[PDB]
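Peer 1: below is the sequence, then the experimental coordinates.
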Amino acid sequence: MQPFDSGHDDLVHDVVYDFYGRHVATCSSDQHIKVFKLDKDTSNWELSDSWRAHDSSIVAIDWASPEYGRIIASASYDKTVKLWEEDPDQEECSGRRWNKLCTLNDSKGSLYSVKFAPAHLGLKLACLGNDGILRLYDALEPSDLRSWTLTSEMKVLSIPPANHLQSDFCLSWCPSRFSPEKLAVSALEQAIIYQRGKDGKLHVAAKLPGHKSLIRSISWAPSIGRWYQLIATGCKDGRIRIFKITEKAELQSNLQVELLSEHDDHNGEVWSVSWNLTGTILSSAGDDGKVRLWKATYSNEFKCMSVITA
Amino acid sequence: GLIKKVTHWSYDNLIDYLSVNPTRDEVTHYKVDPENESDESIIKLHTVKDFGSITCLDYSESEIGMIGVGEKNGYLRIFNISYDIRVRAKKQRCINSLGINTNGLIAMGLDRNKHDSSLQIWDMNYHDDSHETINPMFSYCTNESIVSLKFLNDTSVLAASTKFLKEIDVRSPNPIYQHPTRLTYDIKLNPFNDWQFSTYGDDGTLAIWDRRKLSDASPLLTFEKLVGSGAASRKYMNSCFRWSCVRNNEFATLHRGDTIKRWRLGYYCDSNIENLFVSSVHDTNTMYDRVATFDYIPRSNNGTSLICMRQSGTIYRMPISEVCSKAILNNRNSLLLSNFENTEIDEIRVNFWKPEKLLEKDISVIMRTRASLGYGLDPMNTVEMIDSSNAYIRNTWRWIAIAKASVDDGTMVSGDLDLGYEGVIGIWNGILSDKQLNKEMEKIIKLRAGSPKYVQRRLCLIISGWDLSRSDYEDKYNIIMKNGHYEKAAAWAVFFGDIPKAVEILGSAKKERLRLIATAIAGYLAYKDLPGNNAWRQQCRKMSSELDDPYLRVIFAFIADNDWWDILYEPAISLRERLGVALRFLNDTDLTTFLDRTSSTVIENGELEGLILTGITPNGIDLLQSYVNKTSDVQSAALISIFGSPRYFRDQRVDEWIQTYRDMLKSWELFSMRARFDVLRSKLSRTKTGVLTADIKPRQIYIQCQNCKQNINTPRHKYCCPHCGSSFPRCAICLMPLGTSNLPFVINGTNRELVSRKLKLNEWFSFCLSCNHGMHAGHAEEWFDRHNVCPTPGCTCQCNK
Ligand SMILES: [Zn+2]
Ligand SMILES: [Zn+2]
Ligand SMILES: [Zn+2]
Ligand SMILES: [Zn+2]
């Protein structure tokens, strides 16, 4: 557990890898985005660029697919999503290495999660804030990546949550190009799987049951070729719910939800859950100060492994 | 019980603290070391007793030691810990609130008296020591009950009555604002933003305010029933809510004496006033129960510790645990950990289990290392890789090498028959006519009886690589012995029935244990005539039961009770070597039963050695699907599948595996290995006729001819338009037509084989996709080493970068 200091003056909120795994982008409450690179010679995380992005605390950033370039989206509490393209003819650690592309001002609420779509669906994007509205933005103009048009606008929640109540919203796409377009959308305590119907509009496809309290993180397991899709869920309870999704009106194919396993090992709130490249290791972080790794041994049932305390 | 953190008194790293016992009798001065989590870090300095009943407490920041203590009887006592004067109002009444400013100015909040002010502000330097009553410089709030007050700066005071919330400046005789609210208790300024303060009410409704909103009026936040009740009825209340002095936009609350909720707030400006909302609440269980009040201890690296006073007056120190906020993985099995407290980020690289060993033994890094080493591009190379560094993978790649050699040499290509990568089950079970299938099977053996199905056994021996001669048997014995594997050679000799040859091979070995095993095996040749049931047979059975080497276990289990069913059912030995004795030393009546049981085992279990039986048929794809479900080894599944999956049939599962492995190769930046995989897919899709079945990458160049304005793609040394014959557009540097090799000159653009390859690579077709101007590759490399503009006249396009 070698630590490296990122250099933020406040709480680091979202850290995300890129596709190649040699770049990390960290956003924090100091209204800054820092991109770090891993040199093959020094083998240490060195800062590439740090620049001020928003007027509030940035809470969600995501990398785009590398076939569309170097694009970083960024969601903050100032109700904006800003897109950042990198021009390589600029100096590192200067603040001008990443150029702004667009501001998505359509959100009437502080945004919580932004996830890019898989590359086979285009240069799409997803938004979710404290107004219950799921917004999809597409880059339909190929000449310039500054005109991102809103395509879909759903309503996950009937009314926005109150000012004094905490809320959490998480997003997860389905990284399979051999299945219809899906989007795992988490409300306060509701988890919804969407589908793109034949009419070109998103429809409610399945609902993951349970979830007695707030959902902190949703992670779709990568489609390695298996016939079942796996969704991991971290709740405000101590529950790490893993759903087994099998796929076979105005939807391309119906799909069923089976709760594969449910674990109470954290005795707290599972703040984040994440998958591996192959979807064989499940990393969960809770309030016990422990990061637990999970694997499936001898069957489909997931069992615990190495526990990392911090 | 009151705990009051004190700043600007200690020049060292220690933080001063002031405490009041729950019986409100004494003032204890503490000194807590922030970097030591032990209970002995709370150092008791001095205790000032002889107080009646303390209702409020305040300290002076400028002068060290000066502590004001109010009381319910009416006497404010100003004294020192690190003089002693009792002062009171003209009319004696309870001091609800007290504030001492930095410039020595002292305010006072009293109860309701109709003939006296409840906010009396005075300086101690102009106080006559001969009288107990104070002479106030500024008096405010007559006929009111000031229950909380706070000094915002050197001149203004933010006072709270029982029905109003005021901000009074001493340079004016009029309050700045008077907002009517019932939440007017325990004003706490935010240390990171003076405009934000925070009161609560009698029902427990906490409210965070903004002074700019009240000046101009709603509270900025409100929490119904968050803190304790009875503010108006009870005068002796424990402050169960503290602002965060470690970071902004955070506060902590005490609930039921057991948990502490750190509410982290978020802000947005509707455009300077920030509208707040609750983002995350973090709950921390207290070390001991029955906690009445608490306060913050700042540590280094944005740490947090909470000094807590229990209901019995015991003061203890409790840390705040480092809770991980995000544990993201990688394509290299690298874990990245982010905390909820500090800034630094922890990383667990790959270089209850250990984390490093569990990430090192996952298949996402095993597949990465194998793809780095070149796994699957040539089956003999895979076998040599595995043998130089999970034994079923070597067996299935050995079978794949044998079958690929059989296909490539035309042993299965010739005839009106495919028979390509077909397993033992498909040959043995039959399936246009029965005589037609018999004669096409016969012509394979007639290229290089004693049984009803004899030619099928010959084809199954050809597929399984078990049609070697006696000289080839001796050559295989020598090859196996040359690797130091004497036990494998003895097992191979016993498998073909040459038990004396196994005795000879294991004789004169390099191990004493092997020589003892050789003597044991040699004690059979004269014993084969016996009926048996000896103690020696029992010794051999026990030795076969206890041995760890599977080949010697095979020998000792076969020598005693010499039947073949005790060898060809265990999973310790390879299925190819099991079929080497099932197709050779067994009869067709039970061979179909054995093949059916083994096929039904390997289809649902998902063993890669079942490809002996199923081949690369659709049943082989089902076996590979079970293997992917069991192990998530999509790399081996894809490399096995591409030998026959587009060539002989078409299914979506193999396309999914190929796309997944290509995406993983892209994610590991192994682009050269991905290209080698693509050319291997294109090479292995050639049918017997020769038609490609692979979905190759489509064309990206459709050059428009300049003379006829038509597509040239609707000549190994010179490319021209097929419609008219006109040459390609000229190079921008040398004005020669592009697309032609062997130019009259040498393009020496910016180990003789690599030099010649570079020279013949310099004369290619290179062009910019922004200005559409063509160049030779060497000409473009030599031009842009000195310039930065397109060489064509009239074009301003920096094609380099
Ligand atoms: Zn032409
Ligand atoms: Zn040229
Ligand atoms: Zn040009
Ligand atoms: Zn150009």
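Peer 2: Sure thing, it's come through. Numbering: from 1, shown residues only, chains lettered A, B, ... in the order given. Ligands and ions are numbered 1, 2, ... in the order given.
Peer 1: okay, the closest residue to residue B:649 other than its chain neighbours and ligand 4: tell me how far apart.
Peer 2: Excluding the flanking residues, the one nearest residue B:649 by Cβ to Cβ, 6 or more residues apart in numbering or on different chains is residue B:618, at 6.2 Å. In this view, the C-beta of every residue, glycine as well, is placed from N, C-alpha and C. Note on residue B:618: its distance to ligand 4, by Cβ to the ion, to the nearest Å, is 51 Å.
Peer 1: where does the single nearest residue of chain A relative to ligand 4 sit: helix, strand or coil?
Peer 2: Nearest residue of chain A to ligand 4: residue A:89, at 15.3 Å (Cβ to the ion). Secondary structure assignment for residue A:89 (DSSP: H, G, I helix; E, B strand; the rest coil): coil.
Peer 1: cool, residue B:417 as well?
Peer 2: Going by three-state DSSP: residue B:417 is coil.
Peer 1: kindly report the same for residue B:589.
Peer 2: helix.
Peer 1: check the one 3 residues further on too.
Peer 2: Here residue B:592 is recorded as helix under three-state DSSP.
Peer 1: re earlier: give me the neighbour count for the residue of chain A closest to ligand 4.
Peer 2: A count of nearby residues for residue A:89, using other Cβ atoms under 10 Å in any protein chain shown, gives 8.
Peer 1: just to revisit the earlier point, quick check, the residue nearest to residue B:649 in contact with residue B:651.
Peer 2: Yes: at 6.8 Å, residue B:618 counts as touching residue B:651 under the criterion of Cβ atoms under 8 Å.
Peer 1: got the residues of chain B near ligand 1?
Peer 2: Within chain B, the positions adjacent to ligand 1 are B:705, B:707, B:708, B:721, B:723, B:724, B:726 by Cβ under 5 Å from the ion.
Peer 1: and the residue in chain A sticking out farthest from the centre, what element?
Peer 2: Of all residues in chain A, residue A:41 sits farthest from the chain's C-alpha centroid, using Cα atoms, centre = their mean; the distance is 30.7 Å. Using DSSP states H and E, residue A:41 sits in no helix or strand.
Peer 1: what about it, distance to chain B?
Peer 2: Noted for residue A:41: a distance of 15 Å to chain B, by Cβ to the nearest Cβ, to the nearest Å.
Peer 1: and residue B:409, what does it touch?
Peer 2: By Cβ atoms under 8 Å, 6 or more residues apart in numbering or on different chains, the contact list for residue B:409 is empty.
Peer 1: correction: residue A:282
Peer 2: A:232, A:240, A:242, A:273, A:274, A:275, A:276, A:293, A:294, A:295, A:302.
Peer 1: residue B:276 in helix, strand or coil?
Peer 2: Classification of residue B:276 using three-state DSSP returns strand.
Peer 1: close to chain A: what parts of the stretch 351-500 of chain B are there?
Peer 2: B:352, B:353, B:354, B:355, B:357, B:358, B:359, B:362, B:363, B:364, B:367 (Cβ under 8 Å from any Cβ of the partner chain).
Peer 1: show me how to select, in PyMOL, the buried members of those residues.
Peer 2: For the buried members of those, the matching PyMOL selection, counting by 16 or more other Cβ atoms under 10 Å in any protein chain shown, is:
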select buried, chain B and resi 355+358+359+362+363+364+367
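Peer 1: using CSV, lay out the residues of the stretch 351-500 of chain B next to chain A together with secondary structure.
Peer 2: CSV is the format used below for those (three-state DSSP):
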residue, secondary structure
B:352, coil
B:353, coil
B:354, coil
B:355, helix
B:357, helix
B:358, helix
B:359, helix
B:362, coil
B:363, helix
B:364, helix
B:367, helix
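Peer 1: pick out the most distant pair among the residues of the stretch 351-500 of chain B next to chain A.
Peer 2: The largest separation in these, counting by Cβ to Cβ, is between B:352 and B:367 at 24.8 Å.
Peer 1: and residue B:539, that's in a strand?
Peer 2: No: Residue B:539: not assigned to a strand; according to three-state DSSP it is helix.
Peer 1: what about it, how many neighbours?
Peer 2: When neighbours are counted by other Cβ under 10 Å, residue B:539 comes out with 14.
Peer 1: again, but for the one 3 residues further on
Peer 2: Other residues within reach of residue B:542, judged by other Cβ under 10 Å, total 12.
Peer 1: report the secondary structure state of the residue of the stretch 101-250 of chain A at minimum distance from ligand 3.
Peer 2: Minimum separation of the stretch 101-250 of chain A from ligand 3 (Cβ to the ion) falls at residue A:143, amounting to 18.2 Å. Following three-state DSSP, we place residue A:143 in the coil state.
Peer 1: got it, and residue B:653?
Peer 2: Classification of residue B:653 by three-state DSSP places it in helix.
Peer 1: check contacts around it.
Peer 2: Residue B:653 sits next to A:225, B:621, B:624, B:625 when contact means Cβ under 8 Å, 6+ apart.
Peer 1: buried subset of the residues of chain B next to ligand 1, written for ChimeraX?
Peer 2: Those of those that count as buried under 16+ other Cβ under 10 Å are selected in ChimeraX with:
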select /B:705,721
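Peer 1: save the residues of chain B next to ligand 1 as CSV, and put in secondary structure too.
Peer 2: Output for the residues of chain B next to ligand 1, formatted as CSV (three-state DSSP):
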residue, secondary structure
B:705, coil
B:707, coil
B:708, coil
B:721, coil
B:723, coil
B:724, coil
B:726, coil
